[PDB]
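Asker: I have a structure I would like to understand better, so I am pasting it below and will then ask my questions one at a time.
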Amino acid sequence: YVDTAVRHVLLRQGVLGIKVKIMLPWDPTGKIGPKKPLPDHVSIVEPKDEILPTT
Amino acid sequence: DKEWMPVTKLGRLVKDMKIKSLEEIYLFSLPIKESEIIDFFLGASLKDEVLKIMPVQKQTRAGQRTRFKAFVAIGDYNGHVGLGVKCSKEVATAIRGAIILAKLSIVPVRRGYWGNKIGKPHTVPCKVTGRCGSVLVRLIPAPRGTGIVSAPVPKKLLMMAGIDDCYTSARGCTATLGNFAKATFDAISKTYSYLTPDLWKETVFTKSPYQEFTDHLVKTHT
Amino acid sequence: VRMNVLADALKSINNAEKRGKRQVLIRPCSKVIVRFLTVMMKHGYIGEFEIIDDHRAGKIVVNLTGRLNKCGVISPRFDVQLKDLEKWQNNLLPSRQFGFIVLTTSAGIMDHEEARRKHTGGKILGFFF
Amino acid sequence: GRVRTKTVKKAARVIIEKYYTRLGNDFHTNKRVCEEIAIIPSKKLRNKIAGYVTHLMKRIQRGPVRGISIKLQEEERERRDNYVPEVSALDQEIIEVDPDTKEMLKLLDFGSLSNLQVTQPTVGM
Amino acid sequence: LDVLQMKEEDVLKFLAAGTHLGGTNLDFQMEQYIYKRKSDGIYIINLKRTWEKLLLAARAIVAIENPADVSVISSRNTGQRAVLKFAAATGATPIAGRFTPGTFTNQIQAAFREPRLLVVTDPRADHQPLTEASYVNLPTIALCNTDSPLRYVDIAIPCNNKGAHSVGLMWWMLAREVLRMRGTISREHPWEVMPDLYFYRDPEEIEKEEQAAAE
Amino acid sequence: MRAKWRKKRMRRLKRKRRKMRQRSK
Amino acid sequence: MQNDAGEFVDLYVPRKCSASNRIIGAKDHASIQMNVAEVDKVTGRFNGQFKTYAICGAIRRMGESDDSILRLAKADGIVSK
Amino acid sequence: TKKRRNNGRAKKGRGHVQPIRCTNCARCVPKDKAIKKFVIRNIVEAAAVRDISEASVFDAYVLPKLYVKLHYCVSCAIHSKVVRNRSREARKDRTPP
RNA sequence: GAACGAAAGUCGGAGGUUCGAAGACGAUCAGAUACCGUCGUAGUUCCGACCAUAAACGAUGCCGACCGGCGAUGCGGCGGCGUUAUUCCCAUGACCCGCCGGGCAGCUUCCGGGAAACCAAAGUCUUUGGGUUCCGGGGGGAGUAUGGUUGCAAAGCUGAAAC
RNA sequence: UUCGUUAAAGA
Ligand SMILES: [Mg+2]
Ligand SMILES: [Mg+2]
Ligand SMILES: [Mg+2]
Ligand SMILES: [Mg+2]
Ligand SMILES: [Mg+2]
Ligand SMILES: [Mg+2]
Ligand SMILES: [Mg+2]
Ligand SMILES: [Mg+2]
Ligand SMILES: [Mg+2]
Ligand SMILES: [Mg+2]
Ligand SMILES: [Mg+2]
Ligand SMILES: [Mg+2]
Ligand SMILES: [Mg+2]
Ligand SMILES: [Zn+2]
């Protein structure tokens, strides 16, 4: 879920450590994000039932 | 170029173009909530200055935790100025928060004369006061072309307020800007709260903008 | 014990104005107090007032307006010559156009505006605005 | 052991709020109903949510729930509202309370129909 | 005037609900509403000065333009029953139960309204809308008692807000006068249903007992 | 050191210096 | 506010209170503009004509508004005899 | 600053209160300041009441009591679990149930 | 300038139960001469004289006026076919409701103050003035030295400066 | 029941 990069920057003061972490969004269809939903997230549906009871 | 995201009904009257001036809002003392309202009413009110960004601490077991306390004084030179205080862990975030809170805490400034009624008011109408902490700030009317004889921070605040000529008398810790600028703010806020002898008659009691344009608010709410 | 009854009246006037009442009960009566309230009536800061004439000492009831900001009595009643009123102008009155100071002229209880026309001057009872 | 997470209880409350008639009082059926109507990847989380759903079903079968109410209980509360008999809206035309309100009806002009004479001591408070 | 005067059916319903009796403690702004003390502690509120404040509350509510700009709040169950059948009937927007303090102040919550008038039941049980009036600039009508504070209150109707029958009678007759001012019901026309909805209903023990006794 | 016992020891020193003055006037 | 030329120079004339004749401030958020409408004859028809009672913040906090509305409408003749 | 309005004791009209000795530490404390309670104890422990009732001469015709003016000071009562410390909003309270 | 002025202390007369400055021991601690225990002197007790100090506190000068409410309390006064007390209408006693005056106080409050704690006064103060008295000018030196004065004494009042 | 003290800065 979290792309993490640890890189170095060489300046006149010495070295500088940069750490960039990015959490990816959930995309099931496509290569943009992962296909696995989050275990803390619970997906529900919309209500379905409608009119016409007995007669 | 962003949508105003319609809310709070006052800016919805503004976007329906029903309140023609901010004077009509200060007639009825309605609570302003978002900072876009006076940006819509005033375009030349962007003249501001950050006064002092000072660090405050909070002692924690891991160590002292800092956060910066920014003061921003805004105001157009026609007599609508405001003050904003915001403490936040980031410099530019605290500056933007103090700008937005100053846009919220803008007040009108009443301008009077020294005693000759020619025109173009240049001073406070009477000797007013303001208190914050122990800081008693007295604003005294001045003759024409006198200037602002004060500390540089309320000198800049009155220069934004449009009071070109004033005398000041400060008692207390003047060294703390977080009380001295707010005492100057209370002193310039009490200028309309003073009972002045050119308001004898009963006022017109004009209609509320809610009463005048209820049906537009009904058709935009439902 | 009981002295400066004009200040004793104006403290009640001031507390009733700060509270926001309608009319004040004032236990002393002086011709000083009657002429002082007459000057305040003529300027229109206060309204109609009725003096219950007791056999010992009456009681003044003043119908307030909701108009007064501050009224008081200078304590020792300083002896003020002309060309010295401008000190009290800069000291007491909140502006040049507003407020008045009750002078005790030789021809009667007069006003700050009336004294410069009468050309008398004198002592000071108090100030009101 | 059943000290379940707020997101678990919130998901189960969303289930019992939206779909009530699809749920019963059996765990092995309610789990399959909840996995037909919702998406939960973890089977332990399935069992947890379905167990708290059965617990909420056993609570609703006994009495009402302060947290959420179904449409059938809403219609029952509306029925208990608008079930209006005519028994105690207005009483019979014999009312006596006070000699003070007797004096009120004497001075301020109204009916003053019934008699009003009661004496009470001063043992108030 | 001359049609806004109380009648025999009105005073019969007031004496039937028993709103003439109030609390035992006094207030410094209820002296003009009380008439005379009575033994056993219970004090007597007059009816004409209650009718006049009910009339002014009805004038205030009918003076609104949008009926959604009037909010009706009660926190206790003797008033929560009356609010939902009151405000949804004619001219207001109800809210009861927990007030969620901070409702009319912040705008991040979807439960935010801008009411131009407020009617509350008990000031001591609804101190929080009285506190939040000072940031919204709304008037306040409160069914006050002889021992209730009068801070941030514009119209005070002296009554007994403890008994549910007096509360339901006041909400009923307030909506009655609001509808006769708006023009739904004429002056020579009685109301169609008896107000027990507005009063109270005891839940399913004696309610189902009375139903089984009636069937 | 307490102000009480500081004042009492300065009092004792005052008594000692007074006895020194009375011993060698 | 007027000058010798007679121009209206002041920005806004604030609401003078109907209780204590005090100027309502621009930041006085505890103020209120009460509105009560007029009532017609025996037929009892609602009018669009109304009267405004300005009550300020300190009066509303002290509780003088309850006495003040009735003692102001008594001079009108609309609350009582 | 002043921690309390009463300044510990209840001397408000007078100027001197005669001290009464404490129970544990035996320290003279004025009686408007000392913890002055009234313990009412049965002289027999509640499990020995049945034993003395079975071994009594009379058939339950005597029930003795024990009334003692217990008089602690505030230095020993906090150590002896009576007048435990409270909050700033909790110092405005009355006698506990 | 004058009269009282807790405790302790001083000078006479009487007595001395308890407690108990100092003191003598017994303990614990590296060490106690201290907190703990045993005994016990001056004192603590009374009548005469002196000293005039304290956290002598409301750490808050005195007199007068104004400015919200509530429930109680102490003392008088007033009103109430109420109850209980003698023999019985006639008077005082005890309880219940309300008002008045001054008194010790309690709770809430955006009346206003103040740095806040908090305060119906510590409010009516830059919108600065009712009458009057004594005291503070950064902290130490120091309430110290030298003067003067009171006291039998311990000491008290007034009171610096160098640094 | 007994159980003392840890220089100076340096965030
Ligand atoms: Mg400094
Ligand atoms: Mg401390
Ligand atoms: Mg004492
Ligand atoms: Mg002595
Ligand atoms: Mg002796
Ligand atoms: Mg010993
Ligand atoms: Mg011994
Ligand atoms: Mg000796
Ligand atoms: Mg001293
Ligand atoms: Mg003195
Ligand atoms: Mg009595
Ligand atoms: Mg007697
Ligand atoms: Mg060492
Ligand atoms: Zn003890």
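So you can find residues: chains in the structure tokens are A, B, ... in the order shown, residues in each start at 1, and ligands are numbered from 1 in order.
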Which residues are near ligand 4 - at most 12 Å, using only C-alpha atoms (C1' of nucleotides) and all ligand atoms? Format: as a PDB file with N, CA, C and O atoms (P, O5', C5', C4', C3', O3' and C1' of nucleotides), in the first residue's frame.
Answerer:
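Contents of result-v9.pdb, as written:
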```
ATOM      1  P     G I   5      -4.943  44.603  79.501  1.00  0.00           P
ATOM      2  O5'   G I   5      -4.441  44.033  78.102  1.00  0.00           O
ATOM      3  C5'   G I   5      -5.289  43.225  77.300  1.00  0.00           C
ATOM      4  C4'   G I   5      -4.806  43.171  75.874  1.00  0.00           C
ATOM      5  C3'   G I   5      -3.380  42.687  75.676  1.00  0.00           C
ATOM      6  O3'   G I   5      -3.282  41.278  75.667  1.00  0.00           O
ATOM      7  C1'   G I   5      -3.705  44.665  74.445  1.00  0.00           C
ATOM      8  P     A I   6      -2.371  40.519  76.747  1.00  0.00           P
ATOM      9  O5'   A I   6      -2.697  38.987  76.478  1.00  0.00           O
ATOM     10  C5'   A I   6      -4.029  38.573  76.219  1.00  0.00           C
ATOM     11  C4'   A I   6      -4.066  37.339  75.357  1.00  0.00           C
ATOM     12  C3'   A I   6      -3.028  36.280  75.674  1.00  0.00           C
ATOM     13  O3'   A I   6      -3.375  35.481  76.790  1.00  0.00           O
ATOM     14  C1'   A I   6      -3.098  36.633  73.343  1.00  0.00           C
ATOM     15  P     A I   7      -2.355  35.333  78.021  1.00  0.00           P
ATOM     16  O5'   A I   7      -1.167  34.457  77.426  1.00  0.00           O
ATOM     17  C5'   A I   7      -1.416  33.168  76.891  1.00  0.00           C
ATOM     18  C4'   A I   7      -0.318  32.740  75.953  1.00  0.00           C
ATOM     19  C3'   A I   7       1.084  32.738  76.530  1.00  0.00           C
ATOM     20  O3'   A I   7       1.351  31.593  77.317  1.00  0.00           O
ATOM     21  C1'   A I   7       1.112  33.775  74.413  1.00  0.00           C
ATOM     22  P     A I   8       2.029  31.750  78.763  1.00  0.00           P
ATOM     23  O5'   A I   8       3.550  32.075  78.433  1.00  0.00           O
ATOM     24  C5'   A I   8       4.320  31.180  77.649  1.00  0.00           C
ATOM     25  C4'   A I   8       5.525  31.859  77.055  1.00  0.00           C
ATOM     26  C3'   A I   8       6.465  32.528  78.040  1.00  0.00           C
ATOM     27  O3'   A I   8       7.346  31.614  78.666  1.00  0.00           O
ATOM     28  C1'   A I   8       6.042  33.994  76.244  1.00  0.00           C
ATOM     29  P     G I   9       7.621  31.712  80.244  1.00  0.00           P
ATOM     30  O5'   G I   9       8.442  33.064  80.408  1.00  0.00           O
ATOM     31  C5'   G I   9       9.716  33.212  79.803  1.00  0.00           C
ATOM     32  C4'   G I   9      10.162  34.652  79.788  1.00  0.00           C
ATOM     33  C3'   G I   9      10.292  35.324  81.140  1.00  0.00           C
ATOM     34  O3'   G I   9      11.472  34.956  81.830  1.00  0.00           O
ATOM     35  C1'   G I   9       9.209  36.785  79.636  1.00  0.00           C
ATOM     36  P     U I  10      11.448  34.798  83.427  1.00  0.00           P
ATOM     37  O5'   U I  10      11.526  36.295  83.955  1.00  0.00           O
ATOM     38  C5'   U I  10      12.591  37.146  83.561  1.00  0.00           C
ATOM     39  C4'   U I  10      12.361  38.562  84.015  1.00  0.00           C
ATOM     40  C3'   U I  10      12.023  38.735  85.482  1.00  0.00           C
ATOM     41  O3'   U I  10      13.158  38.650  86.322  1.00  0.00           O
ATOM     42  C1'   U I  10      10.587  40.081  84.171  1.00  0.00           C
ATOM     43  P     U I  44       3.463  31.407  84.885  1.00  0.00           P
ATOM     44  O5'   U I  44       2.528  30.280  84.259  1.00  0.00           O
ATOM     45  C5'   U I  44       2.209  30.280  82.876  1.00  0.00           C
ATOM     46  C4'   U I  44       1.607  28.965  82.451  1.00  0.00           C
ATOM     47  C3'   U I  44       0.350  28.547  83.191  1.00  0.00           C
ATOM     48  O3'   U I  44      -0.818  29.161  82.677  1.00  0.00           O
ATOM     49  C1'   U I  44       1.850  26.719  83.076  1.00  0.00           C
ATOM     50  P     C I  50       2.344  49.172  85.525  1.00  0.00           P
ATOM     51  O5'   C I  50       3.640  48.593  84.805  1.00  0.00           O
ATOM     52  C5'   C I  50       4.920  49.140  85.080  1.00  0.00           C
ATOM     53  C4'   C I  50       6.026  48.283  84.521  1.00  0.00           C
ATOM     54  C3'   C I  50       6.002  48.055  83.022  1.00  0.00           C
ATOM     55  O3'   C I  50       6.519  49.158  82.299  1.00  0.00           O
ATOM     56  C1'   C I  50       6.514  46.027  84.155  1.00  0.00           C
ATOM     57  P     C I  51       5.908  49.551  80.867  1.00  0.00           P
ATOM     58  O5'   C I  51       6.496  48.449  79.879  1.00  0.00           O
ATOM     59  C5'   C I  51       7.895  48.313  79.679  1.00  0.00           C
ATOM     60  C4'   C I  51       8.217  47.007  78.997  1.00  0.00           C
ATOM     61  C3'   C I  51       7.571  46.806  77.636  1.00  0.00           C
ATOM     62  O3'   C I  51       8.337  47.393  76.600  1.00  0.00           O
ATOM     63  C1'   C I  51       7.275  44.862  78.972  1.00  0.00           C
ATOM     64  P     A I  52       7.788  48.668  75.796  1.00  0.00           P
ATOM     65  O5'   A I  52       6.709  48.052  74.806  1.00  0.00           O
ATOM     66  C5'   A I  52       7.056  47.014  73.895  1.00  0.00           C
ATOM     67  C4'   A I  52       5.838  46.348  73.302  1.00  0.00           C
ATOM     68  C3'   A I  52       4.960  47.232  72.416  1.00  0.00           C
ATOM     69  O3'   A I  52       4.402  46.436  71.375  1.00  0.00           O
ATOM     70  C1'   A I  52       3.678  46.396  74.209  1.00  0.00           C
ATOM     71  P     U I  53       4.196  47.046  69.905  1.00  0.00           P
ATOM     72  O5'   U I  53       4.691  45.877  68.948  1.00  0.00           O
ATOM     73  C5'   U I  53       6.064  45.528  68.886  1.00  0.00           C
ATOM     74  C4'   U I  53       6.271  44.045  69.060  1.00  0.00           C
ATOM     75  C3'   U I  53       5.383  43.139  68.226  1.00  0.00           C
ATOM     76  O3'   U I  53       5.829  43.014  66.887  1.00  0.00           O
ATOM     77  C1'   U I  53       5.506  42.323  70.448  1.00  0.00           C
TER      78        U I  53
END
```
Asker: Which residues, written as a VMD selection string, have at least one atom at most 8 Å from stretch 31-48 of chain G, with only C-alpha atoms (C1' of nucleotides) counted and residues fewer than 3 positions away on the same chain left out?
Answerer: (chain E and resid 1 to 3 56 59 to 60 62 to 63 134 137 to 139 181 to 183 187) or (chain G and resid 24 28 51 to 57 60)
Asker: Give me, as a list in words, the set of residues whose atoms come within 9 Å of any atom of ligand 10, counting only C-alpha atoms (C1' of nucleotides) and all ligand atoms.
Answerer: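 If we count only C-alpha atoms (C1' of nucleotides) and all ligand atoms, the neighbours of ligand 10 turn out to be residues 61, 62, 133 and 134 of chain I.
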Asker: Keeping only N, CA and C atoms (P, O5', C5', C4', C3', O3' and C1' of nucleotides), write the selected residues as a PDB file, in the first residue's frame.
Answerer:
```pdb
ATOM      1  P     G I  61      -7.856  47.780  53.773  1.00  0.00           P
ATOM      2  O5'   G I  61      -7.840  47.977  55.350  1.00  0.00           O
ATOM      3  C5'   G I  61      -9.031  48.337  56.028  1.00  0.00           C
ATOM      4  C4'   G I  61      -8.799  49.430  57.034  1.00  0.00           C
ATOM      5  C3'   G I  61     -10.023  50.255  57.380  1.00  0.00           C
ATOM      6  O3'   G I  61     -10.866  49.604  58.311  1.00  0.00           O
ATOM      7  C1'   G I  61      -8.189  51.691  56.993  1.00  0.00           C
ATOM      8  P     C I  62     -12.423  49.405  57.979  1.00  0.00           P
ATOM      9  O5'   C I  62     -13.097  50.706  58.595  1.00  0.00           O
ATOM     10  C5'   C I  62     -12.717  51.170  59.880  1.00  0.00           C
ATOM     11  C4'   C I  62     -13.082  52.617  60.069  1.00  0.00           C
ATOM     12  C3'   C I  62     -14.426  53.034  59.504  1.00  0.00           C
ATOM     13  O3'   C I  62     -15.517  52.674  60.331  1.00  0.00           O
ATOM     14  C1'   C I  62     -12.787  54.630  58.909  1.00  0.00           C
ATOM     15  P     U I 133      -5.440  63.904  55.634  1.00  0.00           P
ATOM     16  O5'   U I 133      -5.019  62.679  56.556  1.00  0.00           O
ATOM     17  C5'   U I 133      -5.044  62.782  57.969  1.00  0.00           C
ATOM     18  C4'   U I 133      -4.778  61.446  58.611  1.00  0.00           C
ATOM     19  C3'   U I 133      -3.522  60.736  58.140  1.00  0.00           C
ATOM     20  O3'   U I 133      -2.353  61.208  58.782  1.00  0.00           O
ATOM     21  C1'   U I 133      -5.335  59.214  58.171  1.00  0.00           C
ATOM     22  P     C I 134      -0.953  61.214  57.999  1.00  0.00           P
ATOM     23  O5'   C I 134      -0.448  59.711  58.107  1.00  0.00           O
ATOM     24  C5'   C I 134      -0.279  59.079  59.366  1.00  0.00           C
ATOM     25  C4'   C I 134      -0.028  57.607  59.187  1.00  0.00           C
ATOM     26  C3'   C I 134       1.080  57.265  58.209  1.00  0.00           C
ATOM     27  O3'   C I 134       2.360  57.337  58.809  1.00  0.00           O
ATOM     28  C1'   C I 134      -0.827  55.933  57.754  1.00  0.00           C
TER      29        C I 134
END
```
Asker: Show me which residues are within 12 Å of ligand 11 counting only C-alpha atoms (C1' of nucleotides) and all ligand atoms, and format the list as a PyMOL selection string.
Answerer: chain I and resi 73-78+98-100
Asker: Compile the residues of chain C that lie within 8 Å of chain I, evaluated using only C-alpha atoms (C1' of nucleotides), and express the compilation as a ChimeraX atom specification.
Answerer: /C:1-4,7-8,11-12,14-16,19,69-70,73-75
Asker: Selected residues, N, CA and C atoms, written as a compact mmCIF listing (two decimals), in the first residue's frame, please.
Answerer:
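Just written: out.txt:
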```txt
# COMPACT_ATOMS: atom_id res chain seq x y z
N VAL C 1 -19.43 62.86 56.73
CA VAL C 1 -20.49 61.88 56.62
C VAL C 1 -21.31 62.16 55.37
N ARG C 2 -22.04 63.27 55.39
CA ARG C 2 -22.91 63.68 54.29
C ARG C 2 -22.39 65.01 53.75
N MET C 3 -21.72 64.95 52.61
CA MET C 3 -21.18 66.14 51.98
C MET C 3 -21.01 65.87 50.50
N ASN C 4 -20.99 66.96 49.72
CA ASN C 4 -21.00 66.97 48.26
C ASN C 4 -22.20 66.16 47.73
N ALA C 7 -22.40 65.30 44.05
CA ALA C 7 -21.70 64.06 43.72
C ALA C 7 -22.46 62.84 44.23
N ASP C 8 -23.12 62.97 45.38
CA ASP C 8 -23.97 61.90 45.90
C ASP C 8 -25.13 61.60 44.96
N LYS C 11 -23.51 60.01 41.48
CA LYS C 11 -23.14 58.60 41.56
C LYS C 11 -24.35 57.70 41.32
N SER C 12 -25.52 58.08 41.85
CA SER C 12 -26.74 57.32 41.60
C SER C 12 -27.16 57.43 40.14
N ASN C 14 -25.10 57.88 37.64
CA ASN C 14 -24.12 57.11 36.87
C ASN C 14 -24.38 55.61 36.98
N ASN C 15 -24.67 55.12 38.19
CA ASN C 15 -24.95 53.70 38.34
C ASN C 15 -26.27 53.30 37.68
N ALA C 16 -27.26 54.20 37.67
CA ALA C 16 -28.50 53.88 36.96
C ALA C 16 -28.31 53.91 35.45
N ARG C 19 -26.46 50.66 34.67
CA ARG C 19 -27.35 49.51 34.78
C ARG C 19 -28.37 49.48 33.65
N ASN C 69 -23.40 59.27 29.02
CA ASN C 69 -22.20 58.44 29.06
C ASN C 69 -21.51 58.52 30.41
N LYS C 70 -21.21 59.73 30.87
CA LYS C 70 -20.51 59.93 32.13
C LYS C 70 -20.82 61.32 32.65
N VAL C 73 -18.63 65.07 39.46
CA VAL C 73 -18.36 66.32 40.16
C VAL C 73 -16.87 66.41 40.43
N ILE C 74 -16.24 67.49 39.96
CA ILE C 74 -14.89 67.81 40.39
C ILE C 74 -14.92 68.17 41.87
N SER C 75 -14.05 67.52 42.65
CA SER C 75 -14.23 67.50 44.11
C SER C 75 -14.02 68.85 44.79
```
Asker: If we count only C-alpha atoms (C1' of nucleotides), what is near residue H:30 at a cut-off of 12 Å, once residues fewer than 5 positions away on the same chain are taken out, given as a PyMOL selection string?
Answerer: chain H and resi 8-11+15-22+35-36+71-74
Asker: Restrict the selected residues to N, CA and C atoms and save them as a PDB file, in the first residue's frame.
Answerer:
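Dumped to again_20.pdb:
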```pdb
ATOM      1  N   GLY H   8      -9.658  27.366  56.046  1.00  0.00           N
ATOM      2  CA  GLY H   8      -9.546  26.171  56.859  1.00  0.00           C
ATOM      3  C   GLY H   8     -10.656  25.990  57.874  1.00  0.00           C
ATOM      4  N   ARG H   9     -10.745  26.893  58.848  1.00  0.00           N
ATOM      5  CA  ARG H   9     -11.709  26.756  59.928  1.00  0.00           C
ATOM      6  C   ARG H   9     -12.979  27.540  59.603  1.00  0.00           C
ATOM      7  N   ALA H  10     -13.858  27.688  60.598  1.00  0.00           N
ATOM      8  CA  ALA H  10     -15.117  28.405  60.432  1.00  0.00           C
ATOM      9  C   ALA H  10     -15.205  29.643  61.318  1.00  0.00           C
ATOM     10  N   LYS H  11     -14.070  30.200  61.731  1.00  0.00           N
ATOM     11  CA  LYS H  11     -14.052  31.431  62.516  1.00  0.00           C
ATOM     12  C   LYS H  11     -14.326  32.610  61.597  1.00  0.00           C
ATOM     13  N   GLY H  15     -12.915  36.003  67.145  1.00  0.00           N
ATOM     14  CA  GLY H  15     -11.497  36.179  66.906  1.00  0.00           C
ATOM     15  C   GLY H  15     -10.623  35.102  67.512  1.00  0.00           C
ATOM     16  N   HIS H  16     -11.180  34.307  68.422  1.00  0.00           N
ATOM     17  CA  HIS H  16     -10.419  33.242  69.058  1.00  0.00           C
ATOM     18  C   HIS H  16     -11.330  32.057  69.336  1.00  0.00           C
ATOM     19  N   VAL H  17     -10.810  30.859  69.089  1.00  0.00           N
ATOM     20  CA  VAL H  17     -11.503  29.606  69.363  1.00  0.00           C
ATOM     21  C   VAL H  17     -10.610  28.774  70.272  1.00  0.00           C
ATOM     22  N   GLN H  18     -11.175  28.286  71.376  1.00  0.00           N
ATOM     23  CA  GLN H  18     -10.410  27.479  72.322  1.00  0.00           C
ATOM     24  C   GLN H  18     -10.049  26.133  71.703  1.00  0.00           C
ATOM     25  N   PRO H  19      -8.780  25.732  71.737  1.00  0.00           N
ATOM     26  CA  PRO H  19      -8.376  24.497  71.058  1.00  0.00           C
ATOM     27  C   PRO H  19      -8.763  23.255  71.842  1.00  0.00           C
ATOM     28  N   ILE H  20      -9.096  22.201  71.103  1.00  0.00           N
ATOM     29  CA  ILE H  20      -9.409  20.895  71.663  1.00  0.00           C
ATOM     30  C   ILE H  20      -8.395  19.900  71.116  1.00  0.00           C
ATOM     31  N   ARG H  21      -7.886  19.037  71.998  1.00  0.00           N
ATOM     32  CA  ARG H  21      -6.831  18.092  71.657  1.00  0.00           C
ATOM     33  C   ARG H  21      -7.291  17.064  70.631  1.00  0.00           C
ATOM     34  N   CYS H  22      -6.345  16.627  69.806  1.00  0.00           N
ATOM     35  CA  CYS H  22      -6.585  15.589  68.821  1.00  0.00           C
ATOM     36  C   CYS H  22      -6.582  14.215  69.485  1.00  0.00           C
ATOM     37  N   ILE H  35     -11.327  17.865  62.638  1.00  0.00           N
ATOM     38  CA  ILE H  35     -12.324  16.925  62.142  1.00  0.00           C
ATOM     39  C   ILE H  35     -13.053  16.330  63.337  1.00  0.00           C
ATOM     40  N   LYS H  36     -14.275  16.787  63.569  1.00  0.00           N
ATOM     41  CA  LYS H  36     -15.040  16.458  64.765  1.00  0.00           C
ATOM     42  C   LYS H  36     -16.242  15.622  64.342  1.00  0.00           C
ATOM     43  N   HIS H  71     -12.314  12.879  67.474  1.00  0.00           N
ATOM     44  CA  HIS H  71     -11.801  14.236  67.280  1.00  0.00           C
ATOM     45  C   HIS H  71     -10.390  14.149  66.701  1.00  0.00           C
ATOM     46  N   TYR H  72     -10.300  14.130  65.375  1.00  0.00           N
ATOM     47  CA  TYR H  72      -9.024  14.104  64.678  1.00  0.00           C
ATOM     48  C   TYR H  72      -8.617  15.510  64.261  1.00  0.00           C
ATOM     49  N   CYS H  73      -7.356  15.642  63.868  1.00  0.00           N
ATOM     50  CA  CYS H  73      -6.871  16.841  63.208  1.00  0.00           C
ATOM     51  C   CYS H  73      -6.675  16.549  61.727  1.00  0.00           C
ATOM     52  N   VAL H  74      -6.490  17.619  60.952  1.00  0.00           N
ATOM     53  CA  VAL H  74      -6.340  17.474  59.507  1.00  0.00           C
ATOM     54  C   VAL H  74      -4.964  16.976  59.102  1.00  0.00           C
TER      55      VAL H  74
END
```
Asker: Distance limit 12 Å, reference ligand 8, atoms considered: only C-alpha atoms (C1' of nucleotides) and all ligand atoms. Which residues make the cut? Give them as an MDAnalysis selection string.
Answerer: chainID I and resid 9:10 21:22 41:43 154
Asker: Within 10 Å of stretch 21-24 of chain A, counting only C-alpha atoms (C1' of nucleotides), which residues qualify if same-chain residues fewer than 3 places away don't, as a PyMOL selection string?
Answerer: chain A and resi 1-6+18+27+32-34
Asker: Residues up to 9 Å from ligand 5, counting only C-alpha atoms (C1' of nucleotides) and all ligand atoms: could you list those as a count of residues only?
Answerer: 3
Asker: Which distance in Å separates atom CA of residue A:37 and atom CA of residue D:7, to one decimal?
Answerer: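 So the answer is 15.1 Å.
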Asker: Within 9 Å of ligand 6, counting only C-alpha atoms (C1' of nucleotides) and all ligand atoms, which protein or nucleic acid residues do you find, written as a list in words?
Answerer: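 Here is the list of contacting residues: residues 20, 36 and 37 of chain I.
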Asker: Counting only C-alpha atoms (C1' of nucleotides) and all ligand atoms, name the residues that have an atom within 10 Å of an atom of ligand 12; the answer should be given as a PyMOL selection string.
Answerer: chain I and resi 91-93
Asker: Give the residues close to ligand 7, within 12 Å, counting only C-alpha atoms (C1' of nucleotides) and all ligand atoms; write them as a list in words.
Answerer: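 Checked against 12 Å with only C-alpha atoms (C1' of nucleotides) and all ligand atoms; the hits are residues 18, 19, 20, 37, 38, 39 and 40 of chain I.
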